[PDB]
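Overview (structure and organization)
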Amino acid sequence: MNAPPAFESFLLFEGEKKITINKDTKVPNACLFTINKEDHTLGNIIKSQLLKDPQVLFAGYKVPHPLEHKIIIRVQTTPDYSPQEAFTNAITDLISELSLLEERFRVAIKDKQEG
Amino acid sequence: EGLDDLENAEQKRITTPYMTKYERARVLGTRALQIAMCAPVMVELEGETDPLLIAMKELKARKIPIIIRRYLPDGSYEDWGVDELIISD
Amino acid sequence: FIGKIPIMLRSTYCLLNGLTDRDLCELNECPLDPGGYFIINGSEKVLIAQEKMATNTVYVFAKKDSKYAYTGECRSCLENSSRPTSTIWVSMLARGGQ
Amino acid sequence: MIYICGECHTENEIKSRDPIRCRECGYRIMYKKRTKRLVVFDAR
Amino acid sequence: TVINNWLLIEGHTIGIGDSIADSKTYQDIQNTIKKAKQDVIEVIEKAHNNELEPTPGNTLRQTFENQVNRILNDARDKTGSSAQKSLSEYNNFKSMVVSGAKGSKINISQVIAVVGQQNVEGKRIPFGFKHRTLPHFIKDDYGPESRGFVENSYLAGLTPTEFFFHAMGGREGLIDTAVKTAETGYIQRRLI
Amino acid sequence: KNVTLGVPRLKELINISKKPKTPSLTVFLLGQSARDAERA
Amino acid sequence: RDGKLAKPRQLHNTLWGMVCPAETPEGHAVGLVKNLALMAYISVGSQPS
Amino acid sequence: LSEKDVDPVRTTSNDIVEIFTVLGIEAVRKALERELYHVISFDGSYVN
Amino acid sequence: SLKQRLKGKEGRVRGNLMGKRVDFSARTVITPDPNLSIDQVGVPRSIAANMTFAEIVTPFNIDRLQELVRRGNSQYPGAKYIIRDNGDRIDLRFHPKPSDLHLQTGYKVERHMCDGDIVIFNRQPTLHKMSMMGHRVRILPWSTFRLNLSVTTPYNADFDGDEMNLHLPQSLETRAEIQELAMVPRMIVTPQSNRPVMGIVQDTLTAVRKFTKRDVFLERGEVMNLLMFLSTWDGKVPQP
Amino acid sequence: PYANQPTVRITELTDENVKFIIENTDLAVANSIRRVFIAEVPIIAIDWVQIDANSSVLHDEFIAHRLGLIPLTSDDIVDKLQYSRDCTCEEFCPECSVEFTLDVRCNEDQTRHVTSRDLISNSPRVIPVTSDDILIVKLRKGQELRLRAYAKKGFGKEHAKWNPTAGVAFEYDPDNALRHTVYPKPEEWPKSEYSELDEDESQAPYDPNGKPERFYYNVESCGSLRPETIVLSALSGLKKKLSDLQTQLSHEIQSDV
Amino acid sequence: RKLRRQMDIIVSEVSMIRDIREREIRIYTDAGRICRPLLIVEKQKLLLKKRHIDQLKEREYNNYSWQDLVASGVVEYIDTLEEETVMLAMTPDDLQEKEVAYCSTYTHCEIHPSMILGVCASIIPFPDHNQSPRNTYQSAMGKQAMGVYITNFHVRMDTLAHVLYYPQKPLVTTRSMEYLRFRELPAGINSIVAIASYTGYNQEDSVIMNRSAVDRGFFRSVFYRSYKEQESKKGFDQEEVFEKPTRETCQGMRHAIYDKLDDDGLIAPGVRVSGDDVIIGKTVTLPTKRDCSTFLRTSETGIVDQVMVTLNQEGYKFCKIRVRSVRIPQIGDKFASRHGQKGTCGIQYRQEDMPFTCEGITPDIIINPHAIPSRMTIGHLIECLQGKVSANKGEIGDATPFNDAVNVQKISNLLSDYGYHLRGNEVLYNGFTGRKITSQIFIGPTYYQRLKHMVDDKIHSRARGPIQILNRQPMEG
Amino acid sequence: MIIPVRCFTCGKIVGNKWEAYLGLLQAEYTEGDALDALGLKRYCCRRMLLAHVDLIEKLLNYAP
Ligand SMILES: [Mg+2]
Ligand SMILES: [Zn+2]
Ligand SMILES: [Zn+2]
Ligand SMILES: [Zn+2]
């Protein structure tokens, strides 16, 4: 009766935005990135990529409730760097790493199959 | 339960100037109902829609137009304006 | 004809008595079913064993609240007959009376 | 209106007026035939 | 919220490893229990020889039981404290007992060292059989094992007689729980 | 020795009846009996 | 009336091997309801003749 | 309380009915509180 | 007879006056939820859609209430009934045509229970004040009620199958009365013993013992993760 | 400040599982990768069933449940098959689903074992992995099971039937050089198959400067996808999710600025 | 005694009690005396010999049975009265040993000390390793668990019946289970249980379940509810009959659809039903005819499994409709560990969210560690340990109480040979971040039971519902 | 009733190994040796077949 549809864990409903950015009034150069229909898979990977950036003063993520399908990522950067730039850079870095990882995995399969 | 019960076989105000928690509860609830009934708001509200939150703002501003008639055990009473009592919060 | 006696399933008078596991399955009955119950209006009724004091045996007791210091009772019942049990109490009156 | 005899598992047609008794076996326990409507089950 | 997320990194558990104790600890426990039995046997011998004098305001039976009960209680306390002291900082039973979240010092000792004496109505196991606690003992056996002293721990597992005596002692807790649960509300609905 | 305590004692305090379960006194001594067991 | 004289809820020593020591319901029925041990048998009775 | 060498000040009884007829309603008020406090404090619990 | 209706536990006074059945109440099994605040209760969507709160139509909520009216019973959150100034009740599920459902100040809309609604949550036996505390509703997608672990102490609750009673105040007077008198934060300390009636328990109590040990060190990535759950954090990372 | 330079070394590659090592990678990337193997790798599995007749001892929705758990050959077709929600069709059709049919009638004294071999699909690309055969309900003489089902694209995040992995072993720092786990008595713990410690050694010396690297994986496949296909589909799937997020994130930034 | 042991003139159930100190001999032949069989011991030696055991092994095709032991005088029934006079050896291996010399006049010996347990108590593994109140609580849970109540459950039409989809025999059994037929009719599933404080959702006796396991049918069950109705012509003015109400047939009818009903007024099997649907259409002639149809409850949602029509004991037309509802494990469902640890499902985490071992094994259920120290259910820990060896060794572990051949140390030694920590601990990895957990989690196969208490069977709500017209107070609709 | 299709813990196919397992037992293989021959390395998969009770074999003893 109350069980939610299994697809709601990853499909956005009508009028739901994938990501919404809210500036953190507590500290300058801080923003809260709320991503809908995502979990630790994207939250944890992005958090680590942000932490690797020296211009990111703070990077962390949390799930408001495990029954809900939202992740809030808080990012704080130095006064000369904007969190939206760090977030976009972090995502491009992950896309680059995974792209290189795909190519190297394909080569490894061929090498293992050939010899 | 019976076996164990028997075990037979086996001016001129004397009240405090502070607003009580009960007075605050009823004052806020009553004023909130009035606000929800389109009663004019005695405080300038901005971006507020909940009549109960509006009543709390009026209480902090001491603008609620309500008087508490405190009944004494001897049958006498004291009328204390909300603006006259000290708010416990 | 004098009436009908409810039969305990799998008893010596039950139809499912002595039947092999295959015969029980053919009758749509579980071979593992222990039986020991009665079907009354389609409902499986089980008779819970009732615990009570043994008959025809002398028991000596003492009651602090009663006037008797000690009392020897015997719940006499005839041999497999005359179900109404008659109890005789032989009681010793207390010494503390004034 | 088809019913299946609980003993001989034979399909028989029965009206409101005639008794439940099986046409050939005489058994008085009949089971309604499964509905012809389409029932969808999600494989979850 | 903060600590429950940190607990995902640190983690918390409870298992057989926490119930285990060093062989030295088991030997100390066994030696303590052996000493307690010998002490109880000496008290029994003194009573049988009429060499035991009743304490003021108490009869011989009360005096005898008081001496026997304190010996068994001291043995449980000694075995329990010895086990508790031998536990490592990593022992999860200690972590919960030290924090006070759940369990207690007595639980650790009952699980690891000695469950102890079982009581019915605040006294040792009664002679439900005339002169006997169970048909396995001799008549007039006032010894610890006879009257319900469980020398084994829940890890070691109770013997057949200890198991029935622990079920007798635990039945009183089930009855008292049912009584307290029923008659506690009564006192309040009357006071009000 | 035993004394009524807990829930049944609380029950007696609210149910003040003519006959308690464990009526008793706590007697104190003034002179030497307070300090001498024999006099006590 | 009989059960008022002595409390039958306690696990009596004589239940060894006759009745299960652990198997009893919680609440008002503790120790009032019992279950036979696996090998426990109840006498069927016969003529004393 | 009338006996010689027995402390007439501290000697008391746990029977509230005796305190009422021997000492009075005010003694009961204090005695009831002391008995009520003892049963509550016996296990270490506390009530205001 | 007439006298027979008055006597007994089921009689008029004892069975129909001193205690009686009440509307706007629900009961189901309670389950833990460490993510909800102590003053917050997770409620099943089915219960929230079944229970209603009568909101008076005001110019501050006229637009919001008109939306909930057109959503109706089929879509949650919505409303069950509209009460006009004449006091007549209209069921929204019967005729959802907006032309006939236009609202005006003074009307009452029985909207479904939603997030932030004040409710009285109780566990029986009700032995003291802390057995009935005010909570804020939080809609969760399952049939159980969710309770913070801290409040299990005053309720003497354990998630071994226990059920609890939820009551929804039907007017602003009672709603404000609960907010100002019976909410869980006000019940933290009990006058019975001059001490807090609820404390940290179980996992959080064993973990805080470990977490507070002198030799527990947290790396930058670990600290920044924990600080996300600290709602009271001022946003400044302390010097390690 | 930028992306890592991951490297891959495959240790085993069979039709059942693929064992490989990933080096110079962050634990979050390594973990998210294994999470995608379980919840984000799409496969084709039965999700809709119409049972015309079922005389077996198992109820209709129980038969449907067993059919859903049956893995179906979907190595190449899953890439081109659309989700029913995304396809422009009205209902189930070859562009978004594959039809399955089963019709078994028993008339012999010998019990008829309905297996995955009895499932006939309209597309040769999507067929049961076994076509021993997966056991389905057993029919007595005169019993029958007649049904038609539709298999559609989905991933393990929606339902475990769409998970292509039969177990994903994941390990890092087998010698516990990072001391991420503290053993009370290291001598009591057995050595990991990936460990490089001597017989007398119990743990590697603590490395305060160390960080998780050289992740060991063993991806076992149920059969729906080849083990190497799972990793490739996952890596590309994880990249797609991040690329989609970057796109929506860019529009959000562009709308606010 | 000789005549009783020979069964010449005295039957085995007759008890002879001699009160030596009172010069009294009581012979009881009446019914209702509780008794149990005990092996006879003479001259500190058992009368039971290997020849009897060999004949008992060759039980089939030989007709040798228990009755031959009684007739041989090897075993006899001792009642509660005679036990007073009986000196009973707990075991021949140690109680009657001349080296102990505790007693030199044993008259009988226990066959196996574990036979003092009942039916539900014999299902507990290692009960001698559990606190006594937990063995009592498990005895109740064992009666409330789910499994297969009877083999012919498909033919039976019980008012309430819960059948588990995949019941399993316990990996750690008690010898008595062979006699209780718990192997043929199991009531539970062996679950990979991890004892860890995983995100706090298992606190206060709560349980966390693997959503991927539940999706695979873990603890999934089918609930059968049978509805019975008959048509009776009692009172010539009233005549009730099964038939679908029609606008012309009934003067007044609700807008509810009756199309689910057939021309006979009965719903057909395979049709989905809910509180809005009618399962039986019955109408009674008024003194036009009114309808007295049988509606399901709002909580009732399922499919009509079977519909039978018969003539009952009264000879009236009678029918039973069995509605099938599948209960998939969900938050709030109660579970039991077979050791008195009863708990509701707090949350369900998918396979990638649950913590995993180096082998990729994720626990099916995660329980709070604080449940064990207060309850002292060490038998649960030992069962979890014995079950891990059992699954690896490929043998059903024996957890019969009072057995000296099985102990924690021997189980730990065996587990060490299978490449696992001797105390059952494992290095678990956090599913969310992949980092190793600092503490090693105790995990292993433990037999769990699903109780009949489902959240959907207890959830209820009331908001301005039907009230009594006389009392004007709330009532169920 | 019948062998699970997927192993509850890890999802490995075991629904095709029951008749193979019974065949191994009939060939005098021990329960452990039979599980090893089938390749059930993880104890969670072994638990599936070792603890399974194929009650459908008994349910098939009743007429349809
Ligand atoms: Mg509870
Ligand atoms: Zn027929
Ligand atoms: Zn389509
Ligand atoms: Zn597995």
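Conventions and cut-offs
Residues numbered from 1 in each chain as written, not as in the entry; some residues may be left out. Chains lettered and ligands numbered in written order. Part of a larger assembly, values for the part shown. Heavy atoms only, no water. Residues with missing side-chain atoms left out of burial classes, pairs and counts. Donors = N, O, S within 2.8 Å, 3.2 Å for Na, K, Ca; no water. Helix = DSSP H or I, 4+ residues; strand = E, 2+ residues; numbered from the N terminus. Buried < 20%, exposed > 50% of the residue type's maximum accessible area, 1.4 Å probe, protein only. Polar contact = N/O pair within 3.5 Å; in protein donor to acceptor, adjacent residues only side chain to side chain. Contact = heavy atoms within 4.5 Å. Buried area = accessible area lost by both parts, 1.4 Å probe. Salt bridge = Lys/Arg side-chain N within 4 Å of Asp/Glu carboxyl O. Nonpolar A, V, L, I, M, F, W, Y, C, P; charged D, E, K, R; others polar. Pairing = 2+ DSSP bridges. Axes fitted to C-alpha atoms, helices over the stretch in contact; angles between N-to-C directions. Core = buried A, V, L, I, M, F, W, Y, C linked by side-chain atoms within 4.5 Å.

What the deposited record gives as its method is cryo-EM, and the resolution it gives is 3.8 Å.

For the rest of this paragraph, the subject is the coordination of the zinc ion (ligand 2). Under perfect tetrahedral coordination by four donors, a metal shows angles of 109.5 degrees; under perfect octahedral coordination by six donors, it shows angles of 90 or 180 degrees. All names here are of chain D. Distances from the zinc ion (ligand 2) to its protein donors, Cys-5 (SG), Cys-8 (SG) and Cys-22 (SG), fall within 2.3 to 2.4 Å. Within one chain, the residues serving as donors to the zinc ion (ligand 2) are arranged as C-x2-C-x13-C. Pair noted here: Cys-5 is in strand 1 (residues 2-5) and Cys-22 is in the loop between strand 2 (11-13) and strand 3 (30-32), with a separation of 17 residues, a long-range link. Look at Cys-22 and you get buried, because its relative accessible area is 5%.

With that settled, consider the side chain of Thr-283 of chain K. All names here are of chain K. Mapped onto the elements of the fold, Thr-283 is located in strand 16 (residues 282-285). In this structure the side chain of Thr-283 is engaged in a polar contact, spanning 2.6 Å, whose partner is the backbone oxygen of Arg-290. Look past the residues within four positions of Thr-283 in its chain and what remains in contact with it is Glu-239, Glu-240, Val-241, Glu-243, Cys-250, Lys-289, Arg-290, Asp-291 and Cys-292.

Let us now look at the interface of chain E and chain K. Between chain E and chain K, the contact holds 43 residues from the first and 55 residues from the second. Where chain E abuts chain K, roughly 4,200 Å² becomes buried across the two surfaces, and 67% of that area is made up of carbon and sulfur atoms. On the chain E side of the interface with chain K, the three residues burying the most area are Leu-8, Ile-16 and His-136 of chain E, jointly 17% of the side's total. There are 1 salt bridge connecting chain E and chain K. Between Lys-130 of chain E and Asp-19 of chain K there is a salt bridge; the shortest N-O distance is 2.9 Å. Along the contact surface separating chain E from chain K lie 18 residue pairs in polar contact. Residues belonging to the side of chain E that touches chain K are distributed by class as follows: 22 nonpolar, 16 polar and 5 charged.

The subject of this paragraph is the sheet that holds strand 6 (residues 108-112) of chain I. Residue and element names in this part refer to chain I. Spatially, the 4 strands line up as an open sheet ordered 3-6-4-5, and their pairing is antiparallel. Since the sheet does not close on itself, it has two edges, and those belong to strand 3 (52-56) and strand 5 (89-91), each with one partner. Averaged over all neighbouring strand pairs, the angle between strand axes comes to 25°, with direction disregarded. When strand 4 (residues 79-83) meets strand 5, the two strands line up antiparallel, connected through 3 bridges.

As a general feature of sheets, a regular strand has side chains that alternate between the two faces. Residue and element names in this part refer to chain I. Across the 5 residues that make up strand 4, a large majority, 5, are buried. As judged from the 4 bridges shared by strand 4 and strand 6, these two strands associate in the antiparallel manner. If you follow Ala-79 over to strand 6, its bridge partner there is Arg-111. Connecting the antiparallel pair strand 4 and strand 5 is a turn made up of 5 residues, with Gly-87 showing a positive phi of about 85°.

Another point: the sheet that holds strand 1 (residues 19-23) of chain A. Residue and element names in this part refer to chain A. Within the open sheet, the 4 strands sit side by side as 1-2-4-3. Their pairing is antiparallel. Looking at which strands have only one partner, the edges of the open sheet turn out to be strand 1 and strand 3 (56-62). Neighbour-to-neighbour, the strand axes of this sheet turn through a mean angle of 15°, independent of strand direction. Relative to strand 2 (residues 30-36), strand 1 is paired through 5 bridges, and the arrangement is antiparallel. The residue bridging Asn-22 from the neighbouring strand is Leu-32, located in strand 2. Sitting on the sheet, helix 2 (residues 83-114) is in contact with strand 1, strand 2, strand 3 and strand 4 (70-77), with an inclination near 45° to strand 2.

We now examine the pairing of strand 4 (residues 97-105) of chain J. All names here are of chain J. The pairing of strand 4 with strand 8 (residues 144-155) spans 9 bridges and is classified as antiparallel. What sits directly across from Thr-101, in strand 8, is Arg-148. As defined by bridge partners, strand 4 adjoins strand 6 (residues 120-121) across 2 bridges and the pair is classed as antiparallel. Looking across to strand 6, one finds that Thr-101 is bridged to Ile-120.

Here we take up the nonpolar core. Of all hydrophobic cores here, the largest spans 262 residues; its most connected members are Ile-46, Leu-50 and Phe-87 of chain A, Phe-20 and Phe-37 of chain J together with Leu-49 of chain L. No other element matches the 11 residues that helix 2 of chain A contributes to this core. Among residues more than four places away in sequence, those in contact with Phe-20 of chain J are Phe-105 of chain A together with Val-8, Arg-9, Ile-10, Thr-11, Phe-37, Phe-215, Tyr-216, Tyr-217, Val-219 and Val-231 of chain J. Among the nonpolar cores identified, the runner-up in size contains 34 residues, and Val-43, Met-133, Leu-149 and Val-184 of chain I belong to it.

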